[PDB]
Amino acid sequence: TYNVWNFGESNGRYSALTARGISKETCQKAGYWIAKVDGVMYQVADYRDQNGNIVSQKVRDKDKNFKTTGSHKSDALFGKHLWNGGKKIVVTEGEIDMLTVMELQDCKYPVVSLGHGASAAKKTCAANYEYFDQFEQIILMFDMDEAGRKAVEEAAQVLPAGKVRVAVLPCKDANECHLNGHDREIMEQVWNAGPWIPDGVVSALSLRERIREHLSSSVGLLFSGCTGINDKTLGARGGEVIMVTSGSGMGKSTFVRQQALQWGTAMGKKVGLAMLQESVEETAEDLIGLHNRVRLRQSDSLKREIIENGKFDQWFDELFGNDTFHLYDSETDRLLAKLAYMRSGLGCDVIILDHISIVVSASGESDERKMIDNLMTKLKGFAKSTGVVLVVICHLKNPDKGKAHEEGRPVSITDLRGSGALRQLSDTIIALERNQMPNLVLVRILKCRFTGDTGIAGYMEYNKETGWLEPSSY
Amino acid sequence: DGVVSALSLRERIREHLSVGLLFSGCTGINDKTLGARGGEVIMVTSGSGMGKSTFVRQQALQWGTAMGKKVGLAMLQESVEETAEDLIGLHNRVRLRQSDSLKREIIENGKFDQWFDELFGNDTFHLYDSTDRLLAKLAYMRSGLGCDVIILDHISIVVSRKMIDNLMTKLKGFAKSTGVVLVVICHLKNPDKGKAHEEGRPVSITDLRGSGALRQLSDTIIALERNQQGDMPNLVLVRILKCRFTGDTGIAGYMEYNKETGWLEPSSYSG
Amino acid sequence: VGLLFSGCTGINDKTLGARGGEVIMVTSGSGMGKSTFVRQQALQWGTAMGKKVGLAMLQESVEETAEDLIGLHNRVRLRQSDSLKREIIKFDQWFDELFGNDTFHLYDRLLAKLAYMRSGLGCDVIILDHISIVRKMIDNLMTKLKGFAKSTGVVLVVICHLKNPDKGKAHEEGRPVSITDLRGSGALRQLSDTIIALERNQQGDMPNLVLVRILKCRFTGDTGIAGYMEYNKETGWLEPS
Ligand SMILES: Cc1cn([C@H]2C[C@H](O)[C@@H](COP(=O)(O)OP(=O)(O)OP(=O)(O)O)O2)c(=O)[nH]c1=O
Ligand SMILES: Cc1cn([C@H]2C[C@H](O)[C@@H](COP(=O)(O)OP(=O)(O)OP(=O)(O)O)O2)c(=O)[nH]c1=O
Ligand SMILES: Cc1cn([C@H]2C[C@H](O)[C@@H](COP(=O)(O)OP(=O)(O)OP(=O)(O)O)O2)c(=O)[nH]c1=O
Ligand SMILES: [Mg+2]
Ligand SMILES: [Mg+2]
Ligand SMILES: [Mg+2]
């Protein structure tokens, strides 16, 4: 705080470092020494300019604190003044790493250190562009941490290209490789380092193993109720978005719960339901009677009879014997956190997002379209990063003229309600239509990205006594 | 001052003029707009699921092998393994992704490595893995790789009105300074009256999402249309919408899809 | 009367040509031919008029806008014929025929360059090719250019664009460009002196018949349909019919 501390007025001494692994000759060469002020021994490093004049002290205690004695610039490097050229420099992260590298080479290669570290490296590298122009190769030697990789990624932009090489280490940095006897690896990473490879670009030649293992694993997961759906779309796949549409009360949820039953029972996949039309008391209740080929909630006489005889526990045990059903009950930020907890932690493979029109209309926004677009692209980014089968349910809008959508109207692809990016970022669109013959439902495949065949996929019938979607003939 | 006289400019004009890249399939394009040139930003437009990626992938495949120029992709929409498998299947005439029993054959026969080194044997193709960071990556590809064709697969997911105008001015300044051939895919807006774009509706230049400067800062716009719920779903119509260098616009030709192989090949059709 | 226009000879029949101190705007859509129409007036005011012309190609480079002039003066579509670009490389005789004088001055912060072209060079026709790459920043720029044109008295021709129509056909298919269709703000139809619009049926029977519309005139005042020009794809000159 006061001024540059002189070694005479602070009882200075140039000695070795036993617990770090640095002899006294390298500390005599650089200028790292120890003062005795305020009783406790304080270590101190010296900053010089390009000429060689002392500009700053840096004082560290026994409990790893920092203390600048005065004006701290950004164009001041720890270890810069000793060299004024050369063919190869090694840039470190901390300050003991410079002593570590100059210990093992007997002062033969120019080694500099940063004055801020990895937090403010871009500021001290942008102002130091002119010092690195007189050099021929630059070897960056940072930590093997997240902040170290971020600093070596973001600090190689302001430097001249073609000279910046990055080395890897099995330690944290150079000092643990100096302590643990790994003095044979750090001497090879200086002379032979890794060339340019920024994250984001991938060469087409060095991709053989990933393409080899990628066509080995997924694929499959057939549908149910009809054959033409699997004849045209070839099932549901990881990383896709299948969007099922209908009118009002046309059977857009019954088909999805039937597919959830077939995918949770016949194939053994963990299924995560996000039902927002009803509570969790109902969407786990109808599956019992649907597996037992009846209508459970739609008959009051059978409810008391299965309460009395104890058959309800038998029906609960024969269905939910495995942990294959994860329910959810009802901002748009925490819902994706729930889906990430269902995908990463518990391990779901089929995630159903029912009735999306009450997560874009229940949020307070002035403009609905940008919110729908941002939600859809963030959900697609989630489904592409994790790679999970994701079914999403949305609705239709009002026609301009003619019949209504709930009386046999053939739907078009522009009838999706809310925006026009619901069909641009979805991977399969299935529409269900019927006419109130009140049970003849037809399936229209509007868009398929995997195959190409669209149009009428088939016909089904809804059973009013059991609750299944049976295939018909017509 | 940075003014330029037209008197002391003789050698710069003489050294400048000392056709360009051609399109594969629908040979009425390179007769009408006279092929692709350096410093161009080409726009590709169609409806939802009409074959924009399918059309641009064949152009990448035919500019990566028969011309010998470096090709840089940017698949912002999907993973690089999918587009790599699609390129490998498309060059060897055999539809690979949409066949399950054929993918497991070539990994155990050992001829997959015979397919891999035939087309990726050179350092031609360079893939990208998913605002200013993407521009920095593309500028790094152009500087330290020297690629001639750069493909941007989906511009709608880049937007996370003036934010699109600034991006388009920045891409135009990049393609003007570096002189790289840039291909950009963009989408159409929701029609408010009549049929949809997927049932053969003539696409105008008005239908562009986001802003209105997508047609004021680009050099050429190619639209593709095809009747989806119709009699045949593969006969496409190609429409040139704007060309600064030639000017002649309109209907170019017709192509079919060839469901077995996947090559967009031209065919004959009167009207 | 002042400066005359070459092609569409109903303009100087209606607004009596251009005059000093004016701000001329050409408003058309994408693919209508705004740069070719202003290029022709740049060519016809540098050799037949004898006036110093200051260009500002903010949209294109300086190599294309010079080769375009060299080709257009010699009746040859130059930049699009590959065989003729290597046949003539007689090129220096074509070069010193129109660049042998000190008439044309191209351009590769902008107002300082324009004030240096007016003061230090003596240019009387300043052409600004693209304005959209530069509500406050547009109107402030228009008032600064208006104060500059009032202080100096230089003819100024600036290209701007049209907005996106919300109902009906587009501007590229025969819709008449009204006075409302201007981007940025509403001061573009209040601070200029004349507005010339070009209309041509792109997706039509013939794409090479442009109609010219006058939208405003502070001297004569009469507006409406001017005439009809053809393009002559072999040559490239907009000629009236
Ligand atoms: C498809 C179909 C449904 N139904 C009955 C079963 C159910 O009681 C009801 C539809 O079941 P739901 O799936 O609950 O209705 P929905 O999802 O279409 O409506 P919403 O948009 O509000 O979510 O109609 C028939 O009777 N015949 C049929 O063909
Ligand atoms: C071009 C074409 C594609 N197809 C089908 C089969 C192809 O595997 C599939 C590929 O279409 P895509 O290229 O994936 O469609 P897209 O990229 O334009 O749409 P998006 O914005 O969602 O990315 O389309 C046909 O059936 N007939 C055709 O003529
Ligand atoms: C006027 C006219 C131009 N053309 C052609 C010649 C040129 O290739 C092109 C000229 O149009 P441009 O002058 O380039 O149009 P623009 O400047 O308004 O738009 P932008 O630069 O953003 O694209 O059109 C014709 O074919 N017939 C015509 O009548
Ligand atoms: Mg429902
Ligand atoms: Mg695509
Ligand atoms: Mg122009």
# chains A, B, ... in the order shown; residues from 1 in each chain; ligands from 1
>>> closest_atom_pairs(of="chain B", to="ligand 6", cutoff="10 Å", atoms="only C-alpha atoms and all ligand atoms", output="Markdown table")
| residue | atom | partner | partner_atom_place_in_ligand_line | distance |
| --- | --- | --- | --- | --- |
| B:216 | CA | ligand 6 | 1 (Mg) | 8.6 |
| B:217 | CA | ligand 6 | 1 (Mg) | 8.9 |
| B:219 | CA | ligand 6 | 1 (Mg) | 9.7 |
| B:244 | CA | ligand 6 | 1 (Mg) | 7.9 |
>>> residues_near_ligand(ligand="ligand 3", cutoff="10 Å", atoms="only C-alpha atoms and all ligand atoms", output="MDAnalysis selection string")
(chainID B and resid 33 213:220 242:249) or (chainID C and resid 26:39 59:60 80 129:130 159:162 198:202 206:211 229:233 236:239)
>>> write_last_selection(atoms="C-alpha atoms", output="mmCIF file, in the first residue's frame")
data_model
loop_
_atom_site.group_PDB
_atom_site.id
_atom_site.type_symbol
_atom_site.label_atom_id
_atom_site.label_comp_id
_atom_site.auth_asym_id
_atom_site.auth_seq_id
_atom_site.Cartn_x
_atom_site.Cartn_y
_atom_site.Cartn_z
ATOM 1 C CA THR B 33 -27.873 -17.462 -63.385
ATOM 2 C CA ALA B 213 -33.636 -7.301 -45.523
ATOM 3 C CA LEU B 214 -33.070 -10.976 -46.373
ATOM 4 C CA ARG B 215 -33.905 -10.120 -50.000
ATOM 5 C CA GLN B 216 -32.108 -6.747 -50.054
ATOM 6 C CA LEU B 217 -28.590 -7.905 -49.096
ATOM 7 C CA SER B 218 -28.366 -11.243 -50.939
ATOM 8 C CA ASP B 219 -27.330 -11.925 -54.516
ATOM 9 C CA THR B 220 -29.577 -14.828 -55.539
ATOM 10 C CA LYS B 242 -33.395 -12.585 -57.995
ATOM 11 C CA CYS B 243 -29.990 -12.397 -59.722
ATOM 12 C CA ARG B 244 -27.748 -9.337 -59.681
ATOM 13 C CA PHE B 245 -25.389 -10.574 -62.384
ATOM 14 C CA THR B 246 -27.769 -11.850 -65.085
ATOM 15 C CA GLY B 247 -31.281 -10.759 -64.057
ATOM 16 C CA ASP B 248 -33.375 -13.433 -65.762
ATOM 17 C CA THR B 249 -35.709 -15.008 -63.201
ATOM 18 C CA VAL C 26 -34.846 6.352 -56.601
ATOM 19 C CA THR C 27 -37.223 4.004 -54.764
ATOM 20 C CA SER C 28 -37.712 0.458 -56.042
ATOM 21 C CA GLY C 29 -37.863 -3.117 -54.785
ATOM 22 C CA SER C 30 -35.378 -5.965 -54.921
ATOM 23 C CA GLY C 31 -34.397 -6.852 -58.476
ATOM 24 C CA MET C 32 -35.867 -3.755 -60.137
ATOM 25 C CA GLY C 33 -32.676 -2.135 -61.428
ATOM 26 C CA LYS C 34 -31.818 0.843 -59.174
ATOM 27 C CA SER C 35 -28.017 0.555 -59.586
ATOM 28 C CA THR C 36 -28.151 0.146 -63.374
ATOM 29 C CA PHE C 37 -30.468 3.158 -63.722
ATOM 30 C CA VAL C 38 -28.204 5.353 -61.606
ATOM 31 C CA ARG C 39 -25.081 3.914 -63.319
ATOM 32 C CA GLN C 59 -22.938 -1.638 -51.733
ATOM 33 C CA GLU C 60 -20.420 -2.938 -54.349
ATOM 34 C CA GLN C 80 -20.931 -11.578 -67.927
ATOM 35 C CA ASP C 129 -25.501 3.809 -53.750
ATOM 36 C CA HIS C 130 -26.772 2.184 -50.546
ATOM 37 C CA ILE C 159 -30.748 5.150 -53.358
ATOM 38 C CA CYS C 160 -33.121 3.837 -50.661
ATOM 39 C CA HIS C 161 -35.367 0.761 -50.405
ATOM 40 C CA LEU C 162 -39.053 -0.105 -49.967
ATOM 41 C CA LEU C 198 -39.490 1.788 -61.279
ATOM 42 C CA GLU C 199 -42.062 -0.967 -61.814
ATOM 43 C CA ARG C 200 -41.606 -4.159 -63.889
ATOM 44 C CA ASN C 201 -43.472 -7.503 -63.960
ATOM 45 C CA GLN C 202 -40.740 -9.900 -62.745
ATOM 46 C CA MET C 206 -41.904 -10.117 -70.467
ATOM 47 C CA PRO C 207 -39.570 -8.877 -67.688
ATOM 48 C CA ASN C 208 -37.934 -6.066 -69.677
ATOM 49 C CA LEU C 209 -40.475 -3.221 -69.735
ATOM 50 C CA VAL C 210 -40.129 -0.794 -66.825
ATOM 51 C CA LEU C 211 -42.610 1.969 -66.035
ATOM 52 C CA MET C 229 -38.358 1.657 -71.175
ATOM 53 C CA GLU C 230 -36.873 -1.587 -72.467
ATOM 54 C CA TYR C 231 -33.568 -3.076 -71.360
ATOM 55 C CA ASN C 232 -32.112 -4.637 -74.577
ATOM 56 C CA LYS C 233 -30.366 -7.665 -73.014
ATOM 57 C CA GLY C 236 -27.787 -3.233 -71.552
ATOM 58 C CA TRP C 237 -28.961 0.343 -72.202
ATOM 59 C CA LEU C 238 -32.321 1.372 -70.762
ATOM 60 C CA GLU C 239 -33.918 2.886 -73.836
#
>>> residues_near_ligand(ligand="ligand 4", cutoff="12 Å", atoms="only C-alpha atoms and all ligand atoms", output="ChimeraX atom specification")
/A:244-257,275-278,283,353-357,393-395
>>> closest_atom_pairs(of="chain A", to="ligand 2", cutoff="10 Å", atoms="only C-alpha atoms and all ligand atoms", output="CSV")
residue,atom,partner,partner_atom_place_in_ligand_line,distance
A:421,CA,ligand 2,21 (O),9.3
A:423,CA,ligand 2,22 (O),7.5
A:424,CA,ligand 2,22 (O),5.0
A:425,CA,ligand 2,22 (O),5.8
A:426,CA,ligand 2,22 (O),6.9
A:427,CA,ligand 2,22 (O),6.7
A:428,CA,ligand 2,22 (O),9.3
A:447,CA,ligand 2,24 (O),8.4
A:448,CA,ligand 2,24 (O),6.8
A:449,CA,ligand 2,9 (C),4.7
A:450,CA,ligand 2,8 (O),4.9
A:451,CA,ligand 2,8 (O),4.9
A:452,CA,ligand 2,26 (O),3.3
A:453,CA,ligand 2,26 (O),5.9
A:454,CA,ligand 2,26 (O),8.0
>>> interface_residues(of="chain B", to="chain A", cutoff="9 Å", atoms="only C-alpha atoms", output="VMD selection string")
chain B and resid 47 to 49 77 to 82 84 to 85 97 to 98 100 103 to 104 107 112 to 113 116 to 117 120 to 130 136 to 137 141 144 157 160 187 189 to 191 193 195 to 196 198 228 to 230 233 259
>>> interface_residues(of="chain B", to="chain C", cutoff="6 Å", atoms="only C-alpha atoms", output="NGL selection string")
:B and (3-7 or 216 or 242)
>>> atom_distance(atom1="CA of residue 91 (chain B)", atom2="CA of residue 64 (chain B)")
10.8 Å
>>> residues_near_ligand(ligand="ligand 5", cutoff="7 Å", atoms="only C-alpha atoms and all ligand atoms", output="number ranges by chain")
B: 52-53, 77, 153-154
>>> write_last_selection(atoms="N, CA, C and O atoms", output="PDB file, in the first residue's frame")
ATOM      1  N   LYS B  52     -34.670 -28.674 -48.406  1.00  0.00           N
ATOM      2  CA  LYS B  52     -33.615 -27.669 -48.454  1.00  0.00           C
ATOM      3  C   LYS B  52     -32.266 -28.283 -48.107  1.00  0.00           C
ATOM      4  O   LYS B  52     -31.271 -28.067 -48.811  1.00  0.00           O
ATOM      5  N   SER B  53     -32.222 -29.062 -47.023  1.00  0.00           N
ATOM      6  CA  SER B  53     -30.996 -29.754 -46.648  1.00  0.00           C
ATOM      7  C   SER B  53     -30.637 -30.820 -47.674  1.00  0.00           C
ATOM      8  O   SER B  53     -29.455 -31.038 -47.965  1.00  0.00           O
ATOM      9  N   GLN B  77     -28.361 -27.551 -37.033  1.00  0.00           N
ATOM     10  CA  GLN B  77     -29.626 -28.194 -36.705  1.00  0.00           C
ATOM     11  C   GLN B  77     -29.442 -29.592 -36.128  1.00  0.00           C
ATOM     12  O   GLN B  77     -30.118 -29.953 -35.159  1.00  0.00           O
ATOM     13  N   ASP B 153     -26.728 -23.923 -42.453  1.00  0.00           N
ATOM     14  CA  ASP B 153     -27.810 -24.879 -42.643  1.00  0.00           C
ATOM     15  C   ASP B 153     -29.158 -24.354 -42.178  1.00  0.00           C
ATOM     16  O   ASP B 153     -30.193 -24.760 -42.718  1.00  0.00           O
ATOM     17  N   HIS B 154     -29.186 -23.466 -41.190  1.00  0.00           N
ATOM     18  CA  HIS B 154     -30.459 -23.065 -40.603  1.00  0.00           C
ATOM     19  C   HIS B 154     -30.248 -21.706 -39.954  1.00  0.00           C
ATOM     20  O   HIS B 154     -29.578 -21.617 -38.922  1.00  0.00           O
TER      21      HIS B 154
END
>>> select_by_dssp(residues="region 103-262 of chain B", states="helix (DSSP H, G or I)", output="ChimeraX atom specification")
/B:103-109,112-119,132-145,162-178
>>> select_by_dssp(residues="region 85-252 of chain B", states="strand (DSSP E)", output="VMD selection string")
chain B and resid 125 to 128 149 to 152 181 to 187 220 to 225 236 to 243 250 to 252
>>> closest_atom_pairs(of="region 158-193 of chain A", to="region 75-99 of chain A", cutoff="9 Å", atoms="only C-alpha atoms", output="JSON lines")
{"residue": "A:173", "atom": "CA", "partner": "A:97", "partner_atom": "CA", "distance": 7.8}
{"residue": "A:174", "atom": "CA", "partner": "A:97", "partner_atom": "CA", "distance": 6.1}
{"residue": "A:175", "atom": "CA", "partner": "A:97", "partner_atom": "CA", "distance": 6.3}
{"residue": "A:190", "atom": "CA", "partner": "A:90", "partner_atom": "CA", "distance": 7.3}
{"residue": "A:191", "atom": "CA", "partner": "A:88", "partner_atom": "CA", "distance": 8.8}
>>> residues_around(residues="region 163-171 of chain A", least_positions_apart="5", cutoff="6 Å", atoms="only C-alpha atoms", output="list in words")
residues 137, 138, 139, 140, 176, 177, 189, 193, 194 and 195 of chain A
>>> write_last_selection(atoms="C-alpha atoms", output="short mmCIF file (atom, residue, chain, number, x, y, z; two decimals), in the first residue's frame")
data_model
loop_
_atom_site.label_atom_id
_atom_site.label_comp_id
_atom_site.auth_asym_id
_atom_site.auth_seq_id
_atom_site.Cartn_x
_atom_site.Cartn_y
_atom_site.Cartn_z
CA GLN A 137 6.61 -20.15 -31.30
CA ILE A 138 4.32 -19.73 -28.29
CA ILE A 139 3.43 -22.61 -25.96
CA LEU A 140 0.50 -21.96 -23.64
CA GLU A 176 2.57 -31.38 -9.27
CA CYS A 177 4.38 -32.90 -12.25
CA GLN A 189 5.22 -30.89 -24.04
CA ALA A 193 3.02 -29.51 -28.20
CA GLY A 194 -0.47 -29.79 -29.64
CA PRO A 195 -1.35 -27.70 -32.69
#
>>> residues_around(residues="residue 163 (chain B)", least_positions_apart="6", cutoff="12 Å", atoms="only C-alpha atoms", output="short mmCIF file (atom, residue, chain, number, x, y, z; two decimals) with C-alpha atoms, in the first residue's frame")
data_model
loop_
_atom_site.label_atom_id
_atom_site.label_comp_id
_atom_site.auth_asym_id
_atom_site.auth_seq_id
_atom_site.Cartn_x
_atom_site.Cartn_y
_atom_site.Cartn_z
CA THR B 131 -23.65 -14.60 -32.31
CA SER B 156 -33.88 -19.32 -38.04
CA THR B 169 -24.78 -6.77 -42.78
CA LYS B 170 -22.03 -8.61 -40.87
CA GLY B 210 -37.73 -12.46 -39.54
CA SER B 211 -37.19 -9.21 -41.42
CA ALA B 213 -33.64 -7.30 -45.52
#
>>> residues_around(residues="residue 178 (chain B)", least_positions_apart="2", cutoff="12 Å", atoms="only C-alpha atoms", output="number ranges by chain")
B: 38-40, 138-143, 146-150, 171-176, 180-182
>>> write_last_selection(atoms="N, CA, C and O atoms", output="PDB file, in the first residue's frame")
ATOM      1  N   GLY B  38     -17.549 -16.101 -56.529  1.00  0.00           N
ATOM      2  CA  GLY B  38     -17.002 -15.649 -55.263  1.00  0.00           C
ATOM      3  C   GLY B  38     -17.632 -14.338 -54.824  1.00  0.00           C
ATOM      4  O   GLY B  38     -18.036 -13.511 -55.641  1.00  0.00           O
ATOM      5  N   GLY B  39     -17.713 -14.155 -53.510  1.00  0.00           N
ATOM      6  CA  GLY B  39     -18.371 -12.985 -52.969  1.00  0.00           C
ATOM      7  C   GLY B  39     -19.876 -13.015 -53.078  1.00  0.00           C
ATOM      8  O   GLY B  39     -20.514 -11.959 -53.042  1.00  0.00           O
ATOM      9  N   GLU B  40     -20.466 -14.199 -53.212  1.00  0.00           N
ATOM     10  CA  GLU B  40     -21.908 -14.347 -53.320  1.00  0.00           C
ATOM     11  C   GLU B  40     -22.479 -14.960 -52.053  1.00  0.00           C
ATOM     12  O   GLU B  40     -21.832 -15.779 -51.387  1.00  0.00           O
ATOM     13  N   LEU B 138     -16.311 -18.981 -38.188  1.00  0.00           N
ATOM     14  CA  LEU B 138     -16.307 -18.970 -39.649  1.00  0.00           C
ATOM     15  C   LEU B 138     -15.146 -18.154 -40.209  1.00  0.00           C
ATOM     16  O   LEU B 138     -14.552 -18.538 -41.229  1.00  0.00           O
ATOM     17  N   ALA B 139     -14.789 -17.047 -39.547  1.00  0.00           N
ATOM     18  CA  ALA B 139     -13.622 -16.278 -39.960  1.00  0.00           C
ATOM     19  C   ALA B 139     -12.338 -17.068 -39.745  1.00  0.00           C
ATOM     20  O   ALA B 139     -11.402 -16.964 -40.546  1.00  0.00           O
ATOM     21  N   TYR B 140     -12.289 -17.887 -38.689  1.00  0.00           N
ATOM     22  CA  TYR B 140     -11.128 -18.742 -38.476  1.00  0.00           C
ATOM     23  C   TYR B 140     -11.044 -19.840 -39.527  1.00  0.00           C
ATOM     24  O   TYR B 140      -9.942 -20.186 -39.967  1.00  0.00           O
ATOM     25  N   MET B 141     -12.192 -20.407 -39.923  1.00  0.00           N
ATOM     26  CA  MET B 141     -12.203 -21.392 -41.004  1.00  0.00           C
ATOM     27  C   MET B 141     -11.691 -20.792 -42.306  1.00  0.00           C
ATOM     28  O   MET B 141     -10.846 -21.393 -42.981  1.00  0.00           O
ATOM     29  N   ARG B 142     -12.160 -19.585 -42.645  1.00  0.00           N
ATOM     30  CA  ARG B 142     -11.714 -18.918 -43.865  1.00  0.00           C
ATOM     31  C   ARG B 142     -10.232 -18.553 -43.811  1.00  0.00           C
ATOM     32  O   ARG B 142      -9.509 -18.738 -44.798  1.00  0.00           O
ATOM     33  N   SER B 143      -9.753 -18.058 -42.666  1.00  0.00           N
ATOM     34  CA  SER B 143      -8.360 -17.630 -42.569  1.00  0.00           C
ATOM     35  C   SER B 143      -7.414 -18.824 -42.515  1.00  0.00           C
ATOM     36  O   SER B 143      -6.572 -19.002 -43.403  1.00  0.00           O
ATOM     37  N   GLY B 146      -8.781 -21.690 -45.486  1.00  0.00           N
ATOM     38  CA  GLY B 146      -8.913 -21.285 -46.874  1.00  0.00           C
ATOM     39  C   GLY B 146     -10.005 -22.015 -47.625  1.00  0.00           C
ATOM     40  O   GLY B 146      -9.813 -22.372 -48.795  1.00  0.00           O
ATOM     41  N   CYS B 147     -11.143 -22.256 -46.979  1.00  0.00           N
ATOM     42  CA  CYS B 147     -12.241 -22.961 -47.627  1.00  0.00           C
ATOM     43  C   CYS B 147     -12.927 -22.053 -48.639  1.00  0.00           C
ATOM     44  O   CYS B 147     -13.002 -20.836 -48.448  1.00  0.00           O
ATOM     45  N   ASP B 148     -13.425 -22.647 -49.720  1.00  0.00           N
ATOM     46  CA  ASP B 148     -14.035 -21.873 -50.790  1.00  0.00           C
ATOM     47  C   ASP B 148     -15.547 -21.774 -50.669  1.00  0.00           C
ATOM     48  O   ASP B 148     -16.128 -20.761 -51.071  1.00  0.00           O
ATOM     49  N   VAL B 149     -16.201 -22.803 -50.138  1.00  0.00           N
ATOM     50  CA  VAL B 149     -17.651 -22.834 -49.992  1.00  0.00           C
ATOM     51  C   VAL B 149     -17.971 -23.045 -48.521  1.00  0.00           C
ATOM     52  O   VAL B 149     -17.458 -23.984 -47.903  1.00  0.00           O
ATOM     53  N   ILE B 150     -18.793 -22.160 -47.959  1.00  0.00           N
ATOM     54  CA  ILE B 150     -19.237 -22.254 -46.571  1.00  0.00           C
ATOM     55  C   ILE B 150     -20.755 -22.341 -46.562  1.00  0.00           C
ATOM     56  O   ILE B 150     -21.432 -21.487 -47.149  1.00  0.00           O
ATOM     57  N   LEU B 171     -22.564 -10.632 -42.138  1.00  0.00           N
ATOM     58  CA  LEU B 171     -22.259 -11.706 -43.081  1.00  0.00           C
ATOM     59  C   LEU B 171     -21.951 -11.171 -44.474  1.00  0.00           C
ATOM     60  O   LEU B 171     -21.095 -11.729 -45.172  1.00  0.00           O
ATOM     61  N   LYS B 172     -22.612 -10.083 -44.887  1.00  0.00           N
ATOM     62  CA  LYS B 172     -22.315  -9.489 -46.186  1.00  0.00           C
ATOM     63  C   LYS B 172     -20.932  -8.850 -46.199  1.00  0.00           C
ATOM     64  O   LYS B 172     -20.198  -8.981 -47.184  1.00  0.00           O
ATOM     65  N   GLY B 173     -20.551  -8.178 -45.108  1.00  0.00           N
ATOM     66  CA  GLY B 173     -19.205  -7.632 -45.015  1.00  0.00           C
ATOM     67  C   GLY B 173     -18.135  -8.707 -44.977  1.00  0.00           C
ATOM     68  O   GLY B 173     -17.063  -8.546 -45.569  1.00  0.00           O
ATOM     69  N   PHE B 174     -18.426  -9.832 -44.312  1.00  0.00           N
ATOM     70  CA  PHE B 174     -17.506 -10.967 -44.298  1.00  0.00           C
ATOM     71  C   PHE B 174     -17.329 -11.564 -45.691  1.00  0.00           C
ATOM     72  O   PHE B 174     -16.197 -11.781 -46.145  1.00  0.00           O
ATOM     73  N   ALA B 175     -18.439 -11.834 -46.384  1.00  0.00           N
ATOM     74  CA  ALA B 175     -18.364 -12.409 -47.721  1.00  0.00           C
ATOM     75  C   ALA B 175     -17.834 -11.423 -48.752  1.00  0.00           C
ATOM     76  O   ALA B 175     -17.362 -11.845 -49.810  1.00  0.00           O
ATOM     77  N   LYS B 176     -17.899 -10.123 -48.466  1.00  0.00           N
ATOM     78  CA  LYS B 176     -17.341  -9.133 -49.374  1.00  0.00           C
ATOM     79  C   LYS B 176     -15.840  -8.985 -49.173  1.00  0.00           C
ATOM     80  O   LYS B 176     -15.091  -8.850 -50.148  1.00  0.00           O
ATOM     81  N   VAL B 180     -15.596 -15.315 -50.074  1.00  0.00           N
ATOM     82  CA  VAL B 180     -15.944 -16.726 -49.984  1.00  0.00           C
ATOM     83  C   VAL B 180     -17.362 -16.913 -50.511  1.00  0.00           C
ATOM     84  O   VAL B 180     -18.188 -15.995 -50.475  1.00  0.00           O
ATOM     85  N   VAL B 181     -17.636 -18.095 -51.056  1.00  0.00           N
ATOM     86  CA  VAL B 181     -18.957 -18.433 -51.571  1.00  0.00           C
ATOM     87  C   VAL B 181     -19.789 -18.950 -50.404  1.00  0.00           C
ATOM     88  O   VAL B 181     -19.494 -20.011 -49.845  1.00  0.00           O
ATOM     89  N   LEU B 182     -20.838 -18.216 -50.045  1.00  0.00           N
ATOM     90  CA  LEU B 182     -21.629 -18.516 -48.864  1.00  0.00           C
ATOM     91  C   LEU B 182     -23.016 -18.975 -49.288  1.00  0.00           C
ATOM     92  O   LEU B 182     -23.658 -18.330 -50.122  1.00  0.00           O
TER      93      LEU B 182
END
>>> atom_distance(atom1="CA of residue 186 (chain B)", atom2="CA of residue 239 (chain B)")
15.1 Å
>>> residues_around(residues="residue 54 (chain A)", least_positions_apart="4", cutoff="12 Å", atoms="only C-alpha atoms", output="compact mmCIF listing (two decimals) with C-alpha atoms, in the first residue's frame")
# COMPACT_ATOMS: atom_id res chain seq x y z
CA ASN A 3 5.59 1.91 -1.57
CA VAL A 4 7.96 -0.70 -3.00
CA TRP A 5 9.32 -2.64 -0.02
CA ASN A 6 13.11 -2.72 0.02
CA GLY A 31 13.72 -12.22 -7.85
CA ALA A 45 7.43 -11.43 -5.99
CA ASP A 46 8.90 -8.56 -7.99
CA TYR A 47 7.47 -7.00 -11.15
CA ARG A 48 9.83 -5.26 -13.57
CA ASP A 49 9.30 -3.27 -16.74
CA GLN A 50 10.85 -3.96 -20.15
CA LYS A 58 3.29 -8.63 -4.88
CA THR A 69 1.76 -2.38 -3.03
CA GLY A 70 0.85 0.22 -5.67
CA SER A 71 0.02 0.83 -9.33
CA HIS A 72 -0.82 -2.52 -10.93
CA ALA A 76 3.49 -6.12 -16.66
CA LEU A 77 4.58 -9.76 -16.80
CA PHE A 78 6.37 -11.79 -14.14
CA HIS A 81 12.52 -8.44 -18.49
